[PDB]
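Presented below is the structure to which this report refers.
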Amino acid sequence: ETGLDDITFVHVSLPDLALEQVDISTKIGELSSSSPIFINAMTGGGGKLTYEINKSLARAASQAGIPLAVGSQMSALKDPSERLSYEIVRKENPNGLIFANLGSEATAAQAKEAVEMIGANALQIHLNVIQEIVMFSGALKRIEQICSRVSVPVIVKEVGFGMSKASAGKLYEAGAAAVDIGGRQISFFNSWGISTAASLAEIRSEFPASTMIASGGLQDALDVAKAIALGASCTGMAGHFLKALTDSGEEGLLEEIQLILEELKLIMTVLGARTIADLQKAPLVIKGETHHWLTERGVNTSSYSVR
Amino acid sequence: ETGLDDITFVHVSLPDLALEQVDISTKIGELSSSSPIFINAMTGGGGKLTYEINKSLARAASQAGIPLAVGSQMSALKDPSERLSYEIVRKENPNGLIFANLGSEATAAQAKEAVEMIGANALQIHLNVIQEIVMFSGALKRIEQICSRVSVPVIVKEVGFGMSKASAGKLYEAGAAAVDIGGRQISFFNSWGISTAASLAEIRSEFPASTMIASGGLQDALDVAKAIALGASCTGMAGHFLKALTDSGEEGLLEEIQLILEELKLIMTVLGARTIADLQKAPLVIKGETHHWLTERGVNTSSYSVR
Amino acid sequence: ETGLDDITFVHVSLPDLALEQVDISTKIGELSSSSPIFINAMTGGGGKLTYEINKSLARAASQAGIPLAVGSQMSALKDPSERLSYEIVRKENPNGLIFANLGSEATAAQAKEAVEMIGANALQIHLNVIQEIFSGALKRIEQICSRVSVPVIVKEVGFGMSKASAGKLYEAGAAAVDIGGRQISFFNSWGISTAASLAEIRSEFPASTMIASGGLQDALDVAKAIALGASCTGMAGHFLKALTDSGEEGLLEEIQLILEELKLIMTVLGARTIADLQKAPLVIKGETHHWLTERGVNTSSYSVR
Amino acid sequence: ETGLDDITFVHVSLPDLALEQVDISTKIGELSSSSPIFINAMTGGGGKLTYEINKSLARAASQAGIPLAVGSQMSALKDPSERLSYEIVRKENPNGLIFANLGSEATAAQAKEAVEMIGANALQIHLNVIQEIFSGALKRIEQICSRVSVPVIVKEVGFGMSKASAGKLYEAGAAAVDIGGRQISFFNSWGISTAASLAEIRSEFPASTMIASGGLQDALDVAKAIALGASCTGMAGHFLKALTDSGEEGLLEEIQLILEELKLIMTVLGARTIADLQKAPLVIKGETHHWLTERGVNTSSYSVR
Amino acid sequence: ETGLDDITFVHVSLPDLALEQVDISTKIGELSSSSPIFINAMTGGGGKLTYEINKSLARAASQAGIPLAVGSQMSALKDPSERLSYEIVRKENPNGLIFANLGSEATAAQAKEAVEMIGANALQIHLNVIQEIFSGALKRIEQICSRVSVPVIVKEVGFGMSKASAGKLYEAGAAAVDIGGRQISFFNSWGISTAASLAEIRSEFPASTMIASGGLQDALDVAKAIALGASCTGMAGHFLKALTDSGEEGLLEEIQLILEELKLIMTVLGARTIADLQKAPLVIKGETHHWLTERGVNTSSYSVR
Amino acid sequence: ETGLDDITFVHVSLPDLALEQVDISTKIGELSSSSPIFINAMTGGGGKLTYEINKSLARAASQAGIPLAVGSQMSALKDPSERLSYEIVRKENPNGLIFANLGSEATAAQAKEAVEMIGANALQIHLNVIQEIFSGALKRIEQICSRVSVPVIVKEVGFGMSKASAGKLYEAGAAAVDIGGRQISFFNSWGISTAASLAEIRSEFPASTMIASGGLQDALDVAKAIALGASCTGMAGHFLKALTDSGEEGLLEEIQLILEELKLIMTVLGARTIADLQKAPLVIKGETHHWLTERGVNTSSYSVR
Ligand SMILES: Cc1cc2nc3c(=O)[nH]c(=O)nc-3n(C[C@H](O)[C@H](O)[C@H](O)COP(=O)(O)O)c2cc1C
Ligand SMILES: Cc1cc2nc3c(=O)[nH]c(=O)nc-3n(C[C@H](O)[C@H](O)[C@H](O)COP(=O)(O)O)c2cc1C
Ligand SMILES: Cc1cc2nc3c(=O)[nH]c(=O)nc-3n(C[C@H](O)[C@H](O)[C@H](O)COP(=O)(O)O)c2cc1C
Ligand SMILES: Cc1cc2nc3c(=O)[nH]c(=O)nc-3n(C[C@H](O)[C@H](O)[C@H](O)COP(=O)(O)O)c2cc1C
Ligand SMILES: Cc1cc2nc3c(=O)[nH]c(=O)nc-3n(C[C@H](O)[C@H](O)[C@H](O)COP(=O)(O)O)c2cc1C
Ligand SMILES: Cc1cc2nc3c(=O)[nH]c(=O)nc-3n(C[C@H](O)[C@H](O)[C@H](O)COP(=O)(O)O)c2cc1C
């Protein structure tokens, strides 16, 4: 439940645009991407299978010209053996944006080694206190240390429970180039968190010019569009691509990518949005739970409509 | 329906806390308690069984270091025989906080005798007009007389229908050290009352520094947390503990107590709340019926979110 | 669900009976009882709390005239202090029926020793090889029945009992059977309902003694269990609660209240005795009906009789 | 629920009949009636309000040609003033069928006296040993039938009636049976539906007179009751309401409206007479079907006939 | 609901057939048709709009090879101008099958005259004594069949038809029967479903011609109707709509689309001919199953064949 | 839905067995297998990703002792590079059972060549004439069985299989059948459930080998399929997922986990062998029950045995 169904674009009768004029390029921090959609690979079970799955993703990605994030490289950090499974990603995709990945427990050292491992353009640090607690002092400290010692932009990612404007503000201040929103005691967290939608609207209100990313739960192109309209500069997808891979291999995956990138252009065309920056100012109406949450949190919702 | 499901904590991505730093001690008036959870014993059927059930509760309590409230001592007041069933509680738990119990019909005399009976640290006076009417002049008068003649703090308890800021204000003014929120004509009261949640938020708005207690309906540790976040200094539980007792005796009960006290620490850890006073300022969002009720009643709801 | 909701008594317009002429006495195996209902004590958590709960259950029971079954005695078999928590049952109820209790793992020696501890009038052996996941179980039950003189009631817990299993227990020497009907997911719809078991077992052993315990919500459930073939019914949770909410005086009231409510239902049915209620015309529907039909158990006999 | 919704008439494409050729006259026991429907007065709360309601029901009834059954007369049997509230029924309706009314506790003397009070053409005796919670009931009914010359209709209230009970009442001498199908919780799903009773009783006594009252919502319900075996149907609440909302003229209209609507359904069915509607092909489904099946009552005969 | 959803074909793993070998030709009574489906024109509102709709339906029909049934001709029988709205049907479709149409009130003279108006190959007589609320109906149908040389198809509208009614129409001389299955409330659950009728009528008259019209949503519904016994199926609303949304070219497409979709279902079933599809193994469930069972119609023959 | 939810095992109170005495070995046709469960590889999208997935499935399989079926080989039959993606299966699993795979269109030469490619112990031929919309199919299957020496398992996909189709495949020489049960709308409720097929086919061919694949959610589903008659069960999606989420070590664990969970269910049932689990008393209800009943398949034998 990303809360994106609480967002409805305001219809444009005269979009005055041709699909061919639609520009979907975007900027993740200072990095330039020709796609507002990137692939979030899964760690997997390791071995030679993970290697082939990653190689395929990298090829597909390289061809579609869209970014690619690898799974956690922590294990490959201690086991020189498993390291090949990630280096193959940079070998297959030499000119594409690729993001490294490590948990918030990582040290500035490991972060550098992970980035160097695949020649990353950015480094993703994922947080997950609620999950690590069931199965946390120093997290922010560690992130702050990593940010000032890596040669690339850092993207702090929250897996599942969303992020507040306070959390985002701390990461930003600490040095994070961006944030990636993914929003017998497990019951305690059944209705816990902030929705992807609410998160974006919240963080956007306090930091208008700050890079936001949304990933997880984005079922289709309309989802991507809503997230980007709420402020996201880029969106990420995993499962969707993973399965298309195991069904039709590289050939299939590539198709699915192109298909959704074209389906986004279609939505932008119907909205009169010529570029991603235009899609970020598209009039829309927030309703339901999201609208309630934002209202109580002090976030203005009508500004999304009257703009 | 405590209305606590209308409360959702605002997620904290970087709680920056270790379970070991969590301090769950609290203050019920001037009384200090190492636990924000106390046991509300049930009167029972009397006899020697009630005696053993109370003795066990007292032992369990004494060991877990959490307060214990006995059932109404009114009957034991007129029958010198049944008195032993309560005195055993102080014998077994000599160093723990124990609250005496009497109905609002009690006199300053009986109140003193009840308190003296078990050497109570506080005295609970329960109100229940709607129940006593189906199966009330002077109630406040009697409470006011009891408060100025007992040597301990008085806790006025409402069983089931909640309490308004007006009701709380009168009891406070009368001398009550705290209030315990428990929110063929019976149909008249099917949808009658104020929810535990709404009550706390209401009373808290008019009396910020006044001791509030919440009991009844608190199914788990998250409930306790929400109540304490709404302003409660302490929460009470009965059924939950009563049954664990009859299932595994003292040994079992003790476990269940420790289990829920540790599960609360876990929630506080995920929230970044180092202490109970911190849990009382935890950003949260009120929705649904509770939010409506409070809005109409003039209580500010966004203050719980933006704080 | 016990399946008893699938049982509807055929209404009687002219019962021709007065509540005073109703006899609720029954017969568990060779044992006689003035009540078709009995308390099913719960082991609890040892300590003096059990001692007192047991003592109270024993007193009430004694005064009510209904038999009492104690919780498992495996612990008292080893601990002296705990043993007193059971001996008290007989000390307070010297003339009433009392059933001793042990698991199907118990040895004949243990069975005998448990019986002597409380001067039991019958012994309950509970099964549930399902939770214990073995071999010998049946043979161990057989010895127990041979070793003890008093009737042995083998109690199944929650999953029901088929005519085949009942028959095996009977051949082993059991005086009666007590019907209570990541891997745990496999047994979500596993079993035979209380109703289906009573009807099934009764079809193969019309004279054998059956008991129904667990789930029985009220007098009417008791009435149906007996109508379906049970000679006695057991109840725990209801009584336990009545004890912790009103003490002995409470329990004694609830025990009487339910016995009088049973006599009422029998009056409305024209059943003067427990043997009559066992021949009361009724109609079986829904799942129960299908199960019994596929299993070859006649269902119209309950209606045409 | 009467269970009549479980009855669906087999459609007739070529009825070959005109509304004018339809005969709705029937026969209650030895009594003849030009209507298969009759008013079922309600005792009310005595006083002059009953006197007037009765008088109105009597007038309407008289003008409509349909029989009228008065509420219980037990009070008039003792009070002179109240007695006039019933005598008026015959005073205003001197040539119509009228049924007297008493409880199953009534004595033969009372029965006879109630009949003479209004010059009754039949006597209703209502049962409900269920609410009275006895012995003798049946024997008391027997005497009543023997003591009174007019036919006695034993009316069951709400819980239905089995073939066994009906048979007992018939042996007792009843001319017909009127089917109306903290402890109160025991009887929430207790009983036999109106439909199930008619079908059951009819299976054992094909010539005996049965009546269906209570629940009948409209003409179609009347049609089904008769089709299932009833010789007459009773209605109260509907008429009572029609009286307090439009007076006599209203009641008289509603009475005619429903009688003409019955003739219509019969026309669409090709049933020229009441004896034909009683052999009308129909299909029994749902609960009714199961009940009858388990009770050994044939259901296909209603369809293949 | 037609009840066809209660019919599920038994799947065939190895049909052993090519869409090219499938033959959908059938036989309505003595009439031959290259299509098991036909258009059921709608009288409409006279005027030149009917003339044009009819003309279009006739053209499409003609080109598609499927028979066309015109709406009621009772008005043209009296009005010259309107008459042209039907004569045009034959003028535009000189070699195709066309059915004339009249109500069951029509007289043999009218029937004959309606047939001559369009040079009909068969005549439809629609029933619905239900809405007309008489006597003679059947006898009038008989004369009509005798007076006209072409086959007469008696069409029931919405309430279904029982084996008894069908049998009467057959004895009267009907070549086939067309199954279409404040007082209005009485007929809310009145009738026999299309499926139940076909199965019932077929059980008594295995060789007689039956038609199913109304409700058929698509090719699969057509497949089931035939499987259940129908020799032809009728469709209106679907075609009418196709005409007002795409004109003749549209209708002609929809007509072909559905015929090819039928051949597909037959291919998947291994039914090469219409006579094969009529012996296709299927399973009857739900209401239909019960109805047929209670009515004594065998249901397993549809499955074991 | 597989229909397996309509199957409930009859509970056994005294199984008399230890998990150690349970034997899950079975027999597919003439082939012997130490496991009643096998992996059902998925063709995927060629390339080195298939080569690796296959290699991993082969390794796991090999270590687990369970047979492996490869995806379609039609592509490898023509492409050399792809061929290696299958040859590797045997290279990594030299002593385990492996099934080759081809469509029902394949020619005997292709069948033989596919078998030699991986040194197959059996060959699977999948059907689905439904999606291919022909003639010869059966005759082509026959030749394939004759041309290849190893047993041929004809696999139906999603729509089930009737006793008739199974019988045809058996006469053709198939060693076993693998049950997997704008126009697309026609087949929304088309087919026979996995359960219904196994029961149906078993009724006509008590000794013939059947396999159940697809839908099986867990060990209990496996238990039921076998109980209903299957000699082996297939699983894909579950294993595939386990591979992409934990690699070989994961798959090997899930394979063992499910095999031990099967042995548990058998222990609770008292079934020591696979041949015993095939005679385990069970009750069939709902749709399955009706289908089998109408199709003339006995359902009580599953319960009374
Ligand atoms: C097997 C598995 C492995 C994953 N590994 C990683 C990881 O290494 N790093 C990370 O940041 N997220 C990881 N994720 C989370 C996903 O990237 C993402 O947050 C979401 O759960 C799945 O994306 P989707 O909703 O687009 O399918 C994993 C998810 C699964 C199911
Ligand atoms: C049998 C019984 C006896 C009780 N006796 C008392 C009492 O003496 N004094 C009191 O203040 N509340 C009494 N209560 C109320 C509980 O303390 C509390 O308000 C609530 O109903 C039960 O707590 P829970 O929701 O945590 O189980 C009693 C409740 C029950 C069921
Ligand atoms: C706390 C507790 C302890 C129990 N102990 C035993 C026991 O020692 N032996 C036994 O045969 N049944 C035992 N039972 C089962 C009950 O006697 C009975 O069969 C049923 O599961 C629960 O009560 P009911 O009959 O009111 O539903 C226990 C039940 C509970 C709740
Ligand atoms: C106010 C009132 C009084 C009634 N009094 C009698 C009575 O004296 N005797 C009797 O046999 N039935 C009596 N009935 C029952 C009705 O005649 C009838 O059987 C049924 O319960 C209610 O009307 P219905 O047939 O329209 O459903 C009474 C019903 C009502 C509502
Ligand atoms: C506007 C309209 C006029 C119709 N006129 C006739 C008619 O004259 N004669 C007749 O036998 N059926 C007539 N029908 C019935 C249809 O031919 C058919 O049996 C069915 O009720 C409606 O179409 P369907 O088969 O597509 O459901 C008419 C239906 C409609 C909607
Ligand atoms: C990606 C994919 C490829 C498959 N390829 C084949 C194949 O080549 N041959 C075959 O007989 N079945 C094939 N299947 C069917 C499966 O083996 C199996 O019968 C079922 O449809 C899906 O797995 P399940 O058994 O876990 O439900 C395939 C299924 C999937 C998802």
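Following the order of the structure tokens, chains are lettered A, B, ..., residues in each are numbered from 1, and ligands are numbered from 1.
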
Could you report the residues within 7 Å of ligand 4, using only C-alpha atoms and all ligand atoms, as a PDB file with C-alpha atoms, in the first residue's frame?
```
ATOM      1  CA  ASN D  40     -57.807 -14.759  12.727  1.00  0.00           C
ATOM      2  CA  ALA D  41     -59.037 -12.224  15.298  1.00  0.00           C
ATOM      3  CA  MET D  42     -56.692 -11.122  18.075  1.00  0.00           C
ATOM      4  CA  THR D  43     -57.751 -11.030  21.747  1.00  0.00           C
ATOM      5  CA  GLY D  44     -56.208  -7.567  22.092  1.00  0.00           C
ATOM      6  CA  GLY D  71     -59.270 -14.531  20.011  1.00  0.00           C
ATOM      7  CA  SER D  72     -59.106 -16.480  23.299  1.00  0.00           C
ATOM      8  CA  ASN D 101     -60.953 -20.067  20.781  1.00  0.00           C
ATOM      9  CA  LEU D 102     -59.380 -21.456  23.970  1.00  0.00           C
ATOM     10  CA  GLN D 124     -59.805 -23.861  18.058  1.00  0.00           C
ATOM     11  CA  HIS D 126     -54.054 -23.660  20.725  1.00  0.00           C
ATOM     12  CA  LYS D 155     -53.626 -25.018  16.529  1.00  0.00           C
ATOM     13  CA  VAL D 157     -48.145 -21.905  17.506  1.00  0.00           C
ATOM     14  CA  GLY D 180     -48.290 -22.266  12.515  1.00  0.00           C
ATOM     15  CA  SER D 213     -51.747 -19.888   9.468  1.00  0.00           C
ATOM     16  CA  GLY D 214     -49.041 -17.424  10.341  1.00  0.00           C
ATOM     17  CA  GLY D 215     -46.394 -15.986   8.121  1.00  0.00           C
ATOM     18  CA  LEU D 216     -48.446 -16.244   4.930  1.00  0.00           C
ATOM     19  CA  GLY D 234     -55.459 -18.296   8.173  1.00  0.00           C
ATOM     20  CA  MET D 235     -54.406 -14.649   8.298  1.00  0.00           C
ATOM     21  CA  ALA D 236     -54.380 -12.086  11.130  1.00  0.00           C
ATOM     22  CA  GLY D 237     -51.770  -9.339  11.278  1.00  0.00           C
ATOM     23  CA  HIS D 238     -52.410  -8.383   7.687  1.00  0.00           C
TER      24      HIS D 238
END
```

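All residues within region 132-282 of chain D that the backbone DSSP calculation assigns to strand (DSSP E) are residues 152, 153, 154, 155, 156, 176, 177, 178, 179, 209, 210, 211, 212, 213, 232, 233, 234, 235 and 282 of chain D.
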
Could you save the residues just selected, with C-alpha atoms, as a tab-separated table (two decimals), in the first residue's frame?
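Final output, selection02.tsv:
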```tsv
chain	number	residue	atom	x	y	z
D	152	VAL	CA	-62.13	-29.02	16.90
D	153	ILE	CA	-59.07	-27.59	15.22
D	154	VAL	CA	-55.90	-27.94	17.35
D	155	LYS	CA	-53.63	-25.02	16.53
D	156	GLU	CA	-49.85	-25.25	17.05
D	176	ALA	CA	-58.09	-30.72	11.87
D	177	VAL	CA	-54.73	-29.33	12.90
D	178	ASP	CA	-53.68	-25.72	12.34
D	179	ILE	CA	-49.96	-25.49	11.51
D	209	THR	CA	-57.71	-31.76	7.25
D	210	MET	CA	-54.81	-29.38	7.72
D	211	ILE	CA	-54.73	-25.58	8.02
D	212	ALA	CA	-51.84	-23.20	7.57
D	213	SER	CA	-51.75	-19.89	9.47
D	232	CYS	CA	-57.68	-23.59	4.34
D	233	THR	CA	-55.30	-20.82	5.37
D	234	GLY	CA	-55.46	-18.30	8.17
D	235	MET	CA	-54.41	-14.65	8.30
D	282	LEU	CA	-44.32	-28.25	-7.64
```

Practice task
Output the neighbourhood of ligand 1 as a PyMOL selection string, that is, all protein and nucleic acid residues with some atom at most 10 Å from the ligand, counting only C-alpha atoms and all ligand atoms.
Solution key: (chain A and resi 2+38-45+69-75+100-103+124-128+156-160+180-183+214-220+235-243) or (chain F and resi 241-242+244-246)

Could the residues of chain C that have an atom at most 6 Å from chain F be listed as CSV, each with its closest atom pair and the distance in Å to one decimal, counting only C-alpha atoms and ordered by chain and ascending residue number?
```
residue,atom,partner,partner_atom,distance
C:134,CA,F:17,CA,5.6
C:135,CA,F:16,CA,4.2
C:165,CA,F:13,CA,5.8
C:191,CA,F:11,CA,5.2
C:294,CA,F:300,CA,4.9
C:295,CA,F:303,CA,5.3
```

Practice task
Within 7 Å of chain F, which residues of chain A are there when counting only C-alpha atoms? Please give them as number ranges by chain.
Solution key: A: 44-47, 49, 52-53, 246-249
